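S.K.:
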Amino acid sequence: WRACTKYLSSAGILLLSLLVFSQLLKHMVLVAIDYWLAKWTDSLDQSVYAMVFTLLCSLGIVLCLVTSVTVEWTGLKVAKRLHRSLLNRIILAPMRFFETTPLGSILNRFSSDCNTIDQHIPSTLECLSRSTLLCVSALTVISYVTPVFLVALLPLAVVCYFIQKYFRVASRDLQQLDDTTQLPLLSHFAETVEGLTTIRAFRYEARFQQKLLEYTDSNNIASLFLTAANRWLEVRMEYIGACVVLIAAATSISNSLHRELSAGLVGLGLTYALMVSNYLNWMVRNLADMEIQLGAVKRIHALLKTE
Amino acid sequence: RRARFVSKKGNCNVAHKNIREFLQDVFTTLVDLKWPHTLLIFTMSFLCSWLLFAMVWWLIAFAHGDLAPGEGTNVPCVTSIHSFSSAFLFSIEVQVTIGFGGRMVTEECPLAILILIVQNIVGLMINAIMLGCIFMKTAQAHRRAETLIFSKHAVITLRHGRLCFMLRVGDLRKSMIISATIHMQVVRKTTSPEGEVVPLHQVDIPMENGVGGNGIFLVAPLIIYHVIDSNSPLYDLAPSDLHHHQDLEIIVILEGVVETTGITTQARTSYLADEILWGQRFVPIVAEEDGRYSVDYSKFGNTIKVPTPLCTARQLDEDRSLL
Amino acid sequence: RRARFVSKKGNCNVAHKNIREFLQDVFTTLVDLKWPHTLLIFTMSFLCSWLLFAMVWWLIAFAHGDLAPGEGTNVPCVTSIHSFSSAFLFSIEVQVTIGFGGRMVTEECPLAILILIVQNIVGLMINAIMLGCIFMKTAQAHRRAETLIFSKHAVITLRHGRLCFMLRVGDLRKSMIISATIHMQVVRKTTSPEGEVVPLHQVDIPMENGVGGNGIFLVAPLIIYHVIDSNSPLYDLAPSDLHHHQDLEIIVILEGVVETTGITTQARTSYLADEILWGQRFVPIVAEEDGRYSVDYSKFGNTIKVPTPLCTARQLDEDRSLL
Amino acid sequence: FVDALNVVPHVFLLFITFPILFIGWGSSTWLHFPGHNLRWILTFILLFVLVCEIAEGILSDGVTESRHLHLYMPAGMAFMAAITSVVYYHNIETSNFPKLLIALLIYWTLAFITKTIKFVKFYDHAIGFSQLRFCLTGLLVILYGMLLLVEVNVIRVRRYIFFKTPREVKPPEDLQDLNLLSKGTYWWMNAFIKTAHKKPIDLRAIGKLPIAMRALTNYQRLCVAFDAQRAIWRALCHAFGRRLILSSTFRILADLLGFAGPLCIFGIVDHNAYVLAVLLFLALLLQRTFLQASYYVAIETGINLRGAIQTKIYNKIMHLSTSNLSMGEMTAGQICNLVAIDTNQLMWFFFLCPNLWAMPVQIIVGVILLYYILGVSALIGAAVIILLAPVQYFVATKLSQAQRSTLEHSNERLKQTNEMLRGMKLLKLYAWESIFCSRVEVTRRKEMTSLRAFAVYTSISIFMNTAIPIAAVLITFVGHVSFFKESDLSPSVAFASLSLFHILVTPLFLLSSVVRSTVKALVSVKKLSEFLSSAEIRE
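Chains as they are written, first to last, in our numbering: chain A, 195 to 501; chain B, 442 to 764; chain C, 442 to 764; chain D, 2 to 540.
#1: For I436 of chain D, tell me which candidate among D:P201, D:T459 and D:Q417 has the shortest Cα-Cα distance.
#2: Return helix, strand or coil for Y734 of chain C, following the three-state DSSP convention.
#3: Restricting to Cα atoms, I'd like to know which of B:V698, B:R761, B:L757 and B:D645 is closest to residue 391 of chain B.
#4: Verify the CB distance criterion: does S417 of chain A have a CB-CB separation below 7 Å to chain D?
#5: Please report the residue range of the beta strand (DSSP E) in which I692 of chain C lies.
#6: Listing by chain order, which chain D residues have their CB less than 8 Å from the CB of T410 of chain A?
#7: For the alpha helix (DSSP H) that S532 of chain B lies in, which residues bound it at each end?
#8: Is it true that the CB of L530 of chain B sits closer than 7 Å to the CB of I623 of chain B?
#9: Please classify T706 of chain B: does DSSP put it in a helix, a strand, or coil?
#10: Check the Cβ-Cβ distances between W426 of chain A and every residue of chain D, and say whether any is below 7 Å.
#11: Scan the segment 624-696 of chain C and note each continuous beta strand (DSSP E) run of 3 residues or more that stays entirely inside, going in chain order.
#12: Whose Cβ in chain B lies nearer than 8 Å to the Cβ of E690 of chain C?
#13: Alpha helix (DSSP H) containing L497 of chain A: first to last residue?
#14: Got a sec, what are the start and stop residues for the alpha helix (DSSP H) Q721 of chain B sits in?
#15: I believe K220 of chain A touches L253 of chain A by the beta-carbon criterion, under 8 Å. Please report the beta-carbon distance rounded to the nearest angstrom.
#16: Is the segment 507-524 of chain D touching the segment 275-289 of chain A, taking contact as three or more C-beta pairs under 8 Å?
#17: Alpha carbon to alpha carbon, how far is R629 of chain C from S735 of chain B?
#18: Thinking just about the alpha-carbon of each residue, which of D:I471, D:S530, D:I310 and D:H239 is nearest to the one in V506 of chain D?
#19: When the cut-off is 7 Å and only beta carbons count, does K426 of chain D lie next to chain A?
#20: Name the DSSP bridge partner or partners of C437 of chain A?
#21: So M571 of chain B contacts chain C; which residues on that side make the cut at Cβ distance below 8 Å?
#22: List the residues of chain C whose Cβ lies closer than 7 Å to the Cβ of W26 of chain D, in chain order.
#23: Alpha carbon to alpha carbon, how far is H478 of chain C from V472 of chain C?
#24: Whose Cβ in chain C lies nearer than 8 Å to the Cβ of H505 of chain B?
#25: Rounded to the nearest angstrom, what separates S490 of chain B and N515 of chain B at their Cα positions?
#26: Please determine whether the Cβ atom of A728 of chain C lies at a distance below 6 Å from any heavy atom of the ligand MN.
#27: Going straight from the alpha carbon of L508 of chain C to that of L565 of chain C, what length do you get?
#28: Got a sec, what are the start and stop residues for the alpha helix (DSSP H) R600 of chain C sits in?
#29: Kindly indicate which residue of D:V170, D:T110, D:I504 and D:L137 has the alpha-carbon position closest to the one of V121 of chain D.
#30: List, in order along the chain, the chain F residues whose C-beta lies closer than 8 Å to that of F282 of chain D?
#31: Return yes when the Cβ of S460 of chain D is within less than 7 Å of the Cβ of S305 of chain A, no when it is not.
#32: For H523 of chain C and chain D, any beta-carbon pair shorter than 7 Å?
#33: Note down the Cα distance separating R709 of chain C from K578 of chain C, rounded to an integer number of angstroms.
#34: Tell me whether the segment 302-313 of chain D and the segment 423-430 of chain A touch, counting them as touching only if at least three CB pairs, one residue from each stretch, are closer than 8 Å.
#35: For the segment 485-499 of chain D and the segment 260-268 of chain D, state whether three or more C-beta atom pairs, one from each stretch, are separated by less than 8 Å.
#36: Using beta carbons (cut-off 7 Å, strictly below), is residue 777 of chain B in contact with chain C?
Below, the structure is given as C-alpha cells:
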C-alpha cells in the first residue's frame, strides 16, 4: 500500500480521480436513461430518446479522451520524475553500498520497474479503473434493481472478498514460483552452448540431458499450478456470480411486476446483472495483477530511501 | 501346488478326514457361522413358534364352541376370532407384545389363560437366547479384521556379520493394538536316527529380541529379527537348495486382542520355500517428514540387492567354524 | 517440535499415509467411535426404518381401496387410517410395540398380515443389534480411564554404585488394578555395520526386578527400576550429548485389565531426550502418617539434586572397566 | 389412478433410506472403478431432468383447486434422491471394496424401471407435455441401469463365477502432488490453497508431475509418432491432436451456448416467468464452467507441448555437429531465443488455437443470431462491431515498430547504465559525475521520445475500444427509432442487443490478438525447421 502513498505520489493524482469518475457516471447514466427514456417510450418521445443518445455520445467521448490521455500523462509523468530523481540522488554518494550490494541493487529497477513500469503499470492502473468501475457500477445498478439487494449482498459479497482474500497469497505464491523457475533454463541452454565442445568431447551427455528433463518438469508444473489457480479464481467467483444473477434477477419476478408493477427495472437489471457477474472475474485478475505490478516499485523504494 | 499348509493370506488349508465321531453342541456353532444362516435361521424360528401357537389357539378356540359364530348363549374365548388368519394374527400379536387391543381374551376359558402364560414364557425365552447370542456375534465373526499383515515374500541377510531372516508385519487400521506377542514355527520333513518318521515335527525358532522375549510393540511398523546359528534348528539349509526343491513354508503366529473388544484373536501366514528368497533386503519403510513421522506402505515389501555372503548357512557355520 | 513419536499424555501421534487399500467391516467401528455419531446414527436409523414401513402401509392401504374414505361395502385393512400421518403413526406404533389400540388391523387383507410379520421381525433385529453393540460400548470407550500416570520428566542416578534410569507410574482411582506388567522400548536411529539402515529398530530394555520379570504390583505407587550396563543396549549414551541433540523419546507400555470390567486396556507415554535429564532423583513420595500409610501426589515428580558421578555411561563402562 | 405416480416415490425414497444409514455410519487411496465419467455425465443430465420436472409440477400445482396437489411432491422426492445416489456412488467407488454397495445401487437402479413402466401405461396420450420429460426419464434411468450392468462388465463385483476382482491395483500414485464432476470445478485444489497459506509455499511442497504429465513420456510418444512420419505441424498436431480436438469441441459447446444470456434476456423480457428464470440459472452455470475447463484443456496441452519442444531443442542440438559453431554466437543468442521466446510464442499460439478454430463460428452466429433481421438497425451497428477489426489489427500495425523501437532504445539506455555504473569510484576519481546526464539524459532523450510517443499510440487504441461499444449500441438503437419499425419499441431487442454486444465484443479483440499469434507461430516453424537442417555429427 506504500506505493500509492509513494509512487502514485508522483503526480497531482486527484486530478486523475474525478475525470475517470466523469467516465463512470457517464456510462451508468447512459444506461439509466436508456433504461428510462427508451423503456418509458416502450411504456415526439423518440427525439427524447435522441436526447439520451446525445448525452450518451458526448459523455462517452469526454470519458474517452479523459481516460486515455489521463493514463499516458500519468505514466509519463511518474516516469520522468522517478528515473531522474532516483538515479540522480543515487549517483552522487559515498562507497559503502556501492561496494556492498553486488550490482543487483541497481540494475533491477531500470531493467524491471522502468520499462515494466511503462509496459505493465500504465495499462494496470487503467485495469483497476475499469475494474472498480464495474464493481461499484454493478453495486449501485443492481442496488437500484432491487428495493433491497443487500439481502442479496451481505454474505455473498462478503465471503466473495474472503475467497479472493486467501487467493492473493496464491497469486504471490505461484507467480513467485514461475519467476523462480525461469532462470535455470536459460542457465542450462546457454551452458551447453558454452561447453559445446566440452560435453560432447567428454562423454557426459547423459547426466546432463537428465538435468534438462529435471528443469523442464519443475518449470512446467510451476506453470500448470499457475494457470491452475487462475482458472480456479475465475470458476469460483463467476459461479457465485451465477448466484447473484439467480437471486437478484429472480427476486425481480415478484416485488417488481407483481407488487410495484415495475417494468422499468428488470429490463436493465438482467443485463447489468449477468455482465456484472462475468466482469467480476476481470476485477479479481485486475487487483492481483495490480499487486504484481506494485512489487517492483515497492522494491525501488529501497534505493529511494538511499543515502 | 506341491505343498500347501497355510495360505498366502494365511488360512489353514489342511483339513481332517473322518475322525472317530457333529461336535455335539447347540449355540456354539451358530455364532461362528456367516450372516445368512444366522439371520435366516432365526426369522425361520420365529415363524416356527408363531405358526405353532397360532394353530393351538386356532384349535382351543375352535373346539370350545365359541369359534363357530353365533349370537348369545356364549362368551368368546378370544374376541371376534374367526378363521385361520384371525388366530394367526392374534398369537403373533402376543409374542413380540403388540396387542392391537381390538381382539381380546376374557377370563372365561381356563385352558386359554393357561395357554397364554405358557406362550409368553417360552417366547420370552427365545427372545433372550436370540438377542444374547447375536450379541456374541457382533463381538467377533469371520469378518474379524486381520489388521496385522505380512509380506508378499521374505528375505535374509547378514546383520552384524551374522545371518538373519526377516518378515514384515502390518496394521490396516489406525486404532490401537496392544499386548502383542509372536510365536513362529517351521515345518519340514523329519526323521529320527532311531528311525521313527513323523509327518512334520514342529520345532521352535525364537524371535530374537532383547532378553529373549515373545513379543514386540506394534503401532509403528517394526521388522522381525532373529537368529540363524548352528545351535538353532534352522541353521542347516543352503541358499540354492531351498529356493527350488527343499520344502519349507515357514509358519508365523501372532496372537493379540484388539484394543476395544476385550477378546483375543489372531492372524496367520506362512511362506513357501520358493517364496522365501536369499540375499535381498528391505527398503527403509518409514521416514521422518513434515512435522511428524511419515509412513508409506506402498513400499511395504520393496526390496534391494545387498552384497552379502552367498554361501550355505551350514558353510557359514563352517565359516563360523573357520572364521 | 523436532521429533515426535508419542505424546506427553501419551497418544501415538504417528500416522499412516496411503496403505495399499476402509478396513472393511460393519459394527467393529461404530463402537470405537465417539458418542454423537453412535447415538445420532441409531436414532437416524430408527427414523429410516420407521419412514420405510410407514410408507409401505401408506401404499398397501391406499391401493387396497379402503384408504379412500367411504361408508359400507368395505372392511378396513387398518382401522380409521386416512393420510400420511395416519399410517406413519401406526407403523411407528408397531415397531417399538406401542399399540394404542384405537387403530386396528383385521385379518381381511392378506398382504397386510404379511407386511406386518416381516416388519416385526426385522425391527426386532435392529433392536437386538443396537442394544448389543451399545452394551459393548459402555464396556470401553475413548473415555477409558488411563488411571496409570507417569512423570512430567524423568531422571537417573547411581544406585548401589550402578547407574539407573527411573520413571514413575500412578493411579487416578481408588479402585483395584491387578495383573499389571510392564514392557518398555527405546527408539533411536540405527544402522548396520553391513549398512542397512532402518527408521527405528525397537530394542528391549528389561525392567530389573527380582528373577527378571515383566511386572510389578500397583496399589501403592512404586518406582520403576532397572539397568544401564554395557551389555544392555542402552549403555552408550552420554549425559551432555542426549539432553540437547541426541534423539530419544523412551517409550513405555503398560498393559492390564481394570478389575471390574474383565477386559484388557493399556496406557502409554514416552519421554523426549531433552526431557529425560541427568543426576537428579525422586523425593520420597509416600510417608507413614496418622494411623495409616499416607500418600501425597502433589509431590509426584518433585526432584532433588544428588552428588552422583557426572560422566558418560560409556565412561562409566570405562569406569566399569577401570574401577 | 394416481397410485401410480405416488407409487414411483417408494423405490427412490427407499434408495435414500438404506444409503443414508450406510454413508452416515461410515462417517486414503483414490481410484477409478468402472466406466465412471460416463455415469458422471449421465448423472448430471439426469439431475437436469429431475429439476426440470419441478417445472411441470410448478405448472400443475397453481391451476389446481384446494392448494397444491399430491402429485407435485413426487418429483421433488425423486430429484432429492438421485442427488444422494451419486454420493453413495462416491463413498463406495472411491472407497473401492465394491462388494455390497454396488449391489444395492443395482437394486435402486432396477426398482426405477417399474416406475418408468408406470409411465408406459400412462402412455395413452401422446402430447408429451409431462410425457416428454417423463418417458425421457424412462430412457435416461434405463440407460444408467445398463451402466451399472457395465460395472458388472469390467470388474465383475458379484458372487458369479468366483472371479473375485481381476485387474485390481491403484494408478501410479506415491508422491503425486503432495473425480470428474468435483474435478471440473477445481475442488481438488482446496487443500493446496489452504495449507498453501498455512506457511508460504516452498519447492518442497510442490512435487514431480505424474507420469502421463512427465516430460519424458511426452517426448517419447512425440518422438515415435513423429518418427513414424521439413514441415512438422502435420506431425505435432497429429501427435497431440487427440487432446487438441478434445479441447476444441468442448470449447464450442461452451461457446455456442454462450448465447444463453441473450435468449433468456428475451424470454423474461416478455413479461412462464419463474421457470425461464431457473432454467437460465442452470444455463449460466453450465456455460461458465464449460468455458473455464476449456481454458484448462488449452493451456494444459500447452504445458506438455512446449515441455517436449525443449526435449527436441537440446536433444537435436547436442547430437548435432559442432562445426556449425561457425555460426556460433548467432545461434547462441538467437537459437536461445528460439526456446525462450519462440517456445512461449508456440505454446501461446497452441493455447489460443482452439479459440482460433471456433472463434469465427461464434462470431458469424453472433451477428446473425441477433433478433431483428427485418429492420436494418442490426447489420449496421453490428457492422461497426465487425468494423473494429482493422481498428485493433492496425493498432498492432503501429504497435510493433513501437515495441522494437523501445527495444533499440533500451539497448542504449541499459548498455550505458551498465557501463557507467560499475567502476563508479574510478569515474569519481576521474571526477566526472557530470556528463553522465549527457550519458543519460541524452540517452534518455531518444529514450524519452520513442517511449513517450509510443505510449500515446498505445493508449489511444484502448480509448477507441471504450468508445466503440457505447456508441455502437446507442446509435444503432437510436437508428431503429428513426429508420424502420417506428411503431413499437420493444425492451427485448434492446437489452438483448446489450448482452450480445458484450459477448460478441469479446471475440473480436481476441482475434485481433490471435493473428499476431498465428504469424509469430509461423516464423517459429521456420527457425525451428532451420534448427532441424543444422549440421549433424556422425556417430
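Where a beta carbon is used, it is the ideal one built from N, C-alpha and C, also for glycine.
M.R.: Taking the structure as given:
#1: D:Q417
#2: strand
#3: With chain B covering 442 to 764 only, the question about residue 391 of chain B has no answer from this structure.
#4: yes
#5: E690 to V699
#6: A216, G308, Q311 and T312
#7: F525 to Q536
#8: no
#9: strand
#10: yes
#11: none
#12: Near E690 of chain C there are no residues of chain B at all, since even the closest Cβ is about 11 Å away, more than 8 Å.
#13: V460 to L498
#14: No alpha helix (DSSP H) contains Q721 of chain B, which is instead part of the beta strand (DSSP E) from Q721 to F723.
#15: 4 Å
#16: no
#17: 16 Å
#18: D:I471
#19: yes
#20: None, per the DSSP bridge assignment.
#21: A569
#22: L471 and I482
#23: 10 Å
#24: Residues of chain C passing the Cβ test: none, with the nearest at roughly 19 Å.
#25: 30 Å
#26: The ligand content of the structure shown is nil, which means the ligand MN is not present either.
#27: 28 Å
#28: No alpha helix (DSSP H) holds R600 of chain C; the beta strand (DSSP E) holding it covers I597 to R600.
#29: D:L137
#30: The structure shown contains no chain F; the protein chains it does contain are A, B, C and D.
#31: no
#32: no
#33: 22 Å
#34: no
#35: yes
#36: Since the first residue of chain B shown is 442 and the last is 764, residue 777 of chain B is not available in this structure.
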